[PDB]
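>>> Quick one, structure for this:
(chains A, B, C, D, E, F, G, H and I, ligands or ions: 2)
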Amino acid sequence: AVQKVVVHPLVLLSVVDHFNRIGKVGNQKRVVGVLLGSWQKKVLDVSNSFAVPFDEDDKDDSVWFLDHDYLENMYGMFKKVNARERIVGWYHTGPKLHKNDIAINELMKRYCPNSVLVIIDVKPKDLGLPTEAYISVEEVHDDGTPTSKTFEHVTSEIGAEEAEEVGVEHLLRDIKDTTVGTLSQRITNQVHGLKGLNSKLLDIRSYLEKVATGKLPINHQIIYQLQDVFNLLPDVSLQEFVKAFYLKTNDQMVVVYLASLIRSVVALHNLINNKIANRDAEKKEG
Amino acid sequence: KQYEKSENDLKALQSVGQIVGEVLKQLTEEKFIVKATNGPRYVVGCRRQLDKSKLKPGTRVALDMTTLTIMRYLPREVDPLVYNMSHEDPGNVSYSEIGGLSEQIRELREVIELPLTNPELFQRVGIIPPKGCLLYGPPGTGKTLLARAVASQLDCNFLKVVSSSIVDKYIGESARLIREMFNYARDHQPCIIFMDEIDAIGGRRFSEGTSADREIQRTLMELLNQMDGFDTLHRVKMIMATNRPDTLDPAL
Amino acid sequence: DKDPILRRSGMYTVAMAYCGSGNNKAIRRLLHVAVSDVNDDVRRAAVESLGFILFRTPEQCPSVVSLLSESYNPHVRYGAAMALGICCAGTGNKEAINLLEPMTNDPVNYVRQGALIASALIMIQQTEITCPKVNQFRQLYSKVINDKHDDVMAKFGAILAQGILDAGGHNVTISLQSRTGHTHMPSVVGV
Amino acid sequence: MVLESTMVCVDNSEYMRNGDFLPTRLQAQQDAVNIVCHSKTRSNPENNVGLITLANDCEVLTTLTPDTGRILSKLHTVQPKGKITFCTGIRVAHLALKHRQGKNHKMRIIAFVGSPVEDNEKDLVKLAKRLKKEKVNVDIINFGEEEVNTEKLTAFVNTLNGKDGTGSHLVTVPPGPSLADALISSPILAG
Amino acid sequence: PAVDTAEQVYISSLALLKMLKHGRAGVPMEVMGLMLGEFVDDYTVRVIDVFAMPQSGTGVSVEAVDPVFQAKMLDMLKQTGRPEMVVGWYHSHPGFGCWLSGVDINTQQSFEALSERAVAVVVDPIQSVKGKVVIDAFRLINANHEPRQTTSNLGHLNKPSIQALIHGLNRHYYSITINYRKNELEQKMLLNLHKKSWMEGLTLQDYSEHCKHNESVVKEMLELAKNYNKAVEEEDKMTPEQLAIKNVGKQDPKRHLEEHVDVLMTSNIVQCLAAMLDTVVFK
Amino acid sequence: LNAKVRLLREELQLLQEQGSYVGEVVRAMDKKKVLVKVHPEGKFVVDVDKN
Amino acid sequence: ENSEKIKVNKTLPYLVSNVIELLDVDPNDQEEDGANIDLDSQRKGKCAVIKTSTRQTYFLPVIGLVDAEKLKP
Amino acid sequence: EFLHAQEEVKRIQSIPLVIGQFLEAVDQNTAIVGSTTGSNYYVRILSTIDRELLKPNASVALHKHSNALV
Amino acid sequence: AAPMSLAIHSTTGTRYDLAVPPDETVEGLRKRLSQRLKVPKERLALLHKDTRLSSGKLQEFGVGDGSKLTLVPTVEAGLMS
Ligand SMILES: Nc1ncnc2c1ncn2[C@@H]1O[C@H](COP(=O)(O)OP(=O)(O)O)[C@@H](O)[C@H]1O
Ligand SMILES: [Zn+2]
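Residues are numbered from 1 along each chain as shown, chains lettered A, B, ... in the order given. Ligands and ions are numbered 1, 2, ... in the order given. Take a look:
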């Protein structure tokens, strides 16, 4: 079981390049390829990738073709160039999971038994990470009865080596705004978090509307998870919670007030020094 | 074959050496402090596919000439002097060639050989086996013969040195050589260090003397701290032969 | 737009649209881009456009371009030079010449080139009595052109400055507005 | 001499157990595709041929490769099982030889139908017209003799090569215990 | 017959990252590879991708070991949608700056003989830092006059480095400006790289740890205030020059107090605001 | 702020200028020359800058 | 031609040195192609450590034009 | 831009540096450092260096050529 | 005569198509290409069907008429040699 997948920026940019070139060729919607990488005791590391021929019928979810001979040849060449990287999984730029993904994963499992799928949205109309990691798992039900092969989410993050970090930072002269202070602690979170939460709740609302009207059938597991969520929603009118909240807020504001007092004294010191300097300069000039 | 040799020579011509240094400390993943034997200290990188757990504070290293990057870690250096000490040839004298010395052979063996074959007896009794012996007597009695017999017939590593030969004109080099010799013994345990003619450097420490005298006494102090000091020796034995035991330091 | 050239065209269209209007909105946008953008060409164009925007009040262009001229970015310094030149063409502004004089020996060759061309544009046709530095700048142009260990772009600027200072014989001036107060489209486009 | 990228569609269905056609239809078809691959390679050294099965849904075993040893070796362990999906198999073959190694090569599909095809006439004719537009030739072998007739196959081939196209083919073999390689003579030579 | 100085070499983000990663991997050696691209016009040499090749050598030289790999790689990239062919080669100079040596010039001569406008790119990994990457593009000068024609100022904007000038710049080879044109998807992905998960933004921070950190910093600020009181009494009995060297090897209470104030304010304000936001959002 | 940034931008090439030896003066002499011991090297009879 | 190259590369001025050691070294593990060094690995023979008369120590991955077995510390 | 410049001046901190010893501070932006090659110098201090850490006889790294305290 | 015309593809893209005697050797072909490109013959490397052509006659390597060859220049970097 994978606990985390680390996708390096070179993999993402290579995926973008593959998508762009196949699109320039034309008549395609999703791109597929291999993810070479390495293992670090349940913390994956995807470092490199290469393109692979792939086509699918836009109507039938059973007419798809992946050139495994080309996959093997290119893997041999990549191994000849860098031995420490071995096949770890496959990637596809499709915005969301397709129905052929389990079949493609079964094909790739003959090259990597613990294959990990990474979906890279090259046109992200959202506010969040661009990578979603999935691992194929057998699901046993209680009423759904037949055990199907379903895709299970795995935490994905972006990391980089020193050279990759240097290159990305050099290339990031598009819009650079570090402001690590309260400004960034207000934009990168708070606003972004609330917007993402609203997006997720809107997705849940859309699904619930579809279910209630009758476009989609009922999923007991989804309904159960929603019940658990609504149960977890806390209550903030309890006297004990209110009192604890006020106590902690008072402590934080004590510290804030002391910091502001220090700031004011420093400002006064600077003003006195500046006035001394200006008076001395005027006296000397006179 | 001639053309194979010529091609090998041409290929070998275009190869540059590597500075040899010592690693003092690792600052980060890709930053080490290295002290070239010349004297200067550099902050240097390390080749990626290198076991950096093996670059401890003291490991010898080969540095690239241009970028000073660490490219290899090497075993501890053995001075040519110490190599020559270890590579002496005491003929093939056997214990049958020595006559009249049975008790002395027994004692010397009890000190050097027995603890290196049957430590269990000493462990059972509850004593650490003795370390050093001093072979003293009139000239021509068989001290060097006994040392040669031990070296030839025993299987441990042997280091033969002459105390007169240990000395050097430059300040501190005699002590440096003693330190290198004992480090060699510690590395190649088990080892026997035979200092023939000890009275050359081991003599009573005077109060009034000269610069050369004080240098020799410093060499002797280094030797004493090596034999018994802050670091125990364990599996290194010592044999010393002198015609003049009277003129020796009580510490020794 | 994401293309730096398209952003530069944006700055230029701001200039041409609000040519000689003294529009505070346009000046605000130009200064924001000049002090914020990531591309030095876009910064240069943003600083340059201020001359077109403010050419009807030459006394004010120095007040906005002095600090930009004294900056860490040579591209913005060149933009300030050319902005002063366009704003005070055919005016012999004392403040403009004073701002340009320190920049004529800037470390950067193209900054020197822009400073020389702007000085020529400003001092076209002006005599010793009218402007007390025309002879000095003439000698400066000659010195730069003659020095054999100076930058080629600085020499280019010096030669162009000599050409501009004595134009049409000596019987022509550069003015972005006609004698009646109307914007001269040929001259705006030419500059 | 003619460049051709020909994908072979082999039938590993449950009707291949039948021993009517020599030592089991599986071995008969093995020898048949052996001769066909050798014929293509001899016809052009650069010609490339691949392999696809028409099992439960489909399975691609060897994409276009100039050599034939790998194709023949993979042909072993083609033990029969499941039904035959003609439309899906041919579509997959079409995709595979659309993703060619060399675009100057021609495109061909040699299909061994040794079992009834459950696809209606309308779907098969639609596939025929699509393949005609895409310029694919389909040599169909009516192996197996489960219907040994125009089992919705002559319509396919005639739709393909309609209007004197003479590009496709349909060789129908009787159950006569004669080597399928011995029987095939039209597509190999008079293609 | 010109070769103008406004010509530029467009390096893709993927190519730059690949070059830098390979160069840094081969820190003591001059690891090398090929650049694929197109010759668009006489004012552009687009570099869209680079792939390393099997090579072996010492710290004084590096050479490729097989050309079959290069041919096969070109073919197998064309088969997947990269018909671009070689337009140059790249190799890394680890710490020597950017320039070409004699062997580099010989290789570039071979590449020029094959294709007229082929270029060489030298990337120095170790001298590269986060903000800036040390990289340059080169081409040779024949045995002739001026190597290029200037129809703009674009060429003369770089101030060639002293090391390159010493090693032969503008005498045996000339530089070409490097530009980093990007597409919309590349820009978006580069911006999105550092974006964190939404839940991380709203997640609070253990109150025990938060209070402990606040307590520690306030306790430190107490001693800093003592030292600040001591330091304020000075600055009048101090020479105008002595003040600067007064803060050399000795702590600066004012600076440390300002830093601690900033950190405390940021942490506490963020925590309080997050607490209130969660209080409302979650019922 | 602008002056700070400009100094930090020219400092990279300002820092590659060669340092200066630190020597101990023995005695001034002659027209304008001085005798200096540049440890660990020997002595020199060096000039003096006009300032 | 090869002999001429050897002669021209053997320019007369040498620097006397003493051979401190004749180490034995072996390859460690697989080295990724693209960046593989013939010295750190792919060297199975005998390597020399020498001390030049200038008091400079050096490691010699390739001994040179003198066979290793002849040299002694 | 100042934050950018600080990160771009660190390329003067290339890996192959020479360890030295910081003896005395002269003016600020200058100092006297004793290299391990056995010679002293009057060199310039990098602006980004934290002057609190420059305790007397503190180990410092100097540029290989310029010998600047880096 | 019966000249044997062989296509010579290059990694860059240029095509140096040329015809040689049917008995032409690999060394002779390399010499002709070096004369054409003004490059030392040791730099160039001819390929054929994913196998480098070392030395000998062209025929026994399978090189007939209308056969594709690839020309990969050697790539070398360093400070000396
Ligand atoms: N007990 C002995 N048995 C045999 N030979 C002896 C004996 N003592 C001395 N020798 C002779 O003396 C020589 C070695 O001198 P040795 O006695 O070992 O050193 P030292 O004379 O310093 O005590 C040998 O050549 C050996 O023949
Ligand atoms: Zn080079």
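
>>> For the rest of this, base every contact and every neighbour count on C-alpha atoms.
Will do.

>>> what about the strands in chain I?
I:4-10, I:18-20, I:46-47, I:68-71, I:76-78 (DSSP state E).

>>> now the helices for chain C?
Applying DSSP state H to chain C gives helices spanning C:4-17, C:24-36, C:40-53, C:61-69, C:74-87, C:94-103, C:109-123, C:134-146, C:152-165, C:185-190.

>>> do you know which of those helices lies nearest residue H:68?
helix C:74-87 (27.1 Å; C-alpha to C-alpha).

>>> circling back to that earlier point, among the strands of chain I, which comes closest to chain D?
strand I:68-71 (11.3 Å; C-alpha to the nearest C-alpha).

>>> okay, the strand or helix carrying residue D:49 in PDB with CA atoms only?
Residue D:49 belongs to strand D:48-53 when assigned by DSSP states H and E. Provided in PDB are the C-alpha atoms of strand D:48-53 (Å, rounded to 0.1, in the frame of the first residue of the first chain):
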ATOM      1  CA  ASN D  48       6.000  -5.100 -41.300                       C
ATOM      2  CA  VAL D  49       3.300  -7.500 -39.900                       C
ATOM      3  CA  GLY D  50       1.700  -7.800 -36.500                       C
ATOM      4  CA  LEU D  51      -0.700 -10.100 -34.600                       C
ATOM      5  CA  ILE D  52      -4.100  -9.600 -32.900                       C
ATOM      6  CA  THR D  53      -6.500 -12.200 -31.400                       C
END
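
>>> closest point of chain F to chain C, which residue?
Closest point on chain F to chain C, by C-alpha to the nearest C-alpha, is residue F:6, at 5.0 Å.

>>> Contacts only, for that residue.
Contact analysis of residue F:6 by C-alpha atoms under 8 Å, 6 or more residues apart in numbering or on different chains lists C:71, C:72.

>>> Compile the helices of chain C into TSV and extend it with columns for mean neighbour count and distance to chain D.
Below are the helices of chain C laid out as TSV (neighbours: other C-alpha atoms under 10 Å in any protein chain shown; distance: least, C-alpha to the nearest C-alpha, whole Å):
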stretch	mean neighbour count	distance to chain D
helix C:4-17	18	38
helix C:24-36	17	48
helix C:40-53	27	45
helix C:61-69	20	58
helix C:74-87	30	50
helix C:94-103	20	62
helix C:109-123	28	52
helix C:134-146	16	61
helix C:152-165	21	52
helix C:185-190	12	52
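
>>> In TSV, list those helices along with distance to residue I:53.
Conversion of the helices of chain C to TSV gives the following (distance: least, C-alpha to C-alpha, whole Å):
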stretch	distance to residue I:53
helix C:4-17	50
helix C:24-36	59
helix C:40-53	53
helix C:61-69	65
helix C:74-87	55
helix C:94-103	64
helix C:109-123	55
helix C:134-146	60
helix C:152-165	52
helix C:185-190	64
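
>>> if we can go back for a sec, if you compare the strands of chain I, which one is most tucked away?
strand I:76-78 (a mean of 25; mean count of other C-alpha atoms under 10 Å in any protein chain shown).

>>> Which residues does that one contact?
E:30, E:32, E:59-64, E:91, E:101, E:103-104, E:107.

>>> which helices and strands sit right next to the helix or strand just after the strand holding residue D:49?
Sequence-wise, the next helix or strand downstream of strand D:48-53 (DSSP H and E) is strand D:59-65. The contact analysis (3 or more C-alpha pairs under 8 Å, 6 or more residues apart in numbering or on different chains; DSSP states H and E) places strand D:59-65 against strand D:4-10, strand D:48-53, helix D:69-75.

>>> could you redo the ones you listed as JSON lines and give each row distance to ligand 1 and mean neighbour count?
Below are the helices and strands packed on strand D:59-65 laid out as JSON lines (distance: least, C-alpha to the nearest ligand atom, whole Å; neighbours: other C-alpha atoms under 10 Å in any protein chain shown):
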{"stretch": "strand D:4-10", "distance to ligand 1": "93", "mean neighbour count": "26"}
{"stretch": "strand D:48-53", "distance to ligand 1": "88", "mean neighbour count": "26"}
{"stretch": "helix D:69-75", "distance to ligand 1": "80", "mean neighbour count": "15"}
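
>>> who wins for proximity to chain F among these?
strand D:48-53 (60.7 Å).

>>> thinking again about what came up before, closest one to residue D:116 among the helices of chain C?
So among those, helix C:4-17 is nearest, using C-alpha to C-alpha, at 63.7 Å.

>>> I'd like to check which residues are in contact with the closest residue to residue C:122 other than its chain neighbours.
Leaving aside its sequence neighbours, residue C:122 sits nearest to residue C:89 (C-alpha to C-alpha, 6 or more residues apart in numbering or on different chains; 4.4 Å). Each residue near residue C:89 by C-alpha under 8 Å, 6+ apart is listed here: C:121, C:122, C:123, C:124, C:174, C:175, C:176.

>>> What of residue D:161?
D:132, D:167, D:168.

>>> Identify the residues contacting the last one.
What it means is residue D:168. D:137, D:138, D:139, D:140, D:157, D:158, D:160, D:161.

>>> now with 6 Å?
Residue D:168 makes contact with D:137, D:138, D:139, D:157, D:161, according to C-alpha atoms under 6 Å, 6 or more residues apart in numbering or on different chains.

>>> Next: residue E:112.
So residue E:112 contacts residue E:118 (C-alpha under 6 Å, 6+ apart).
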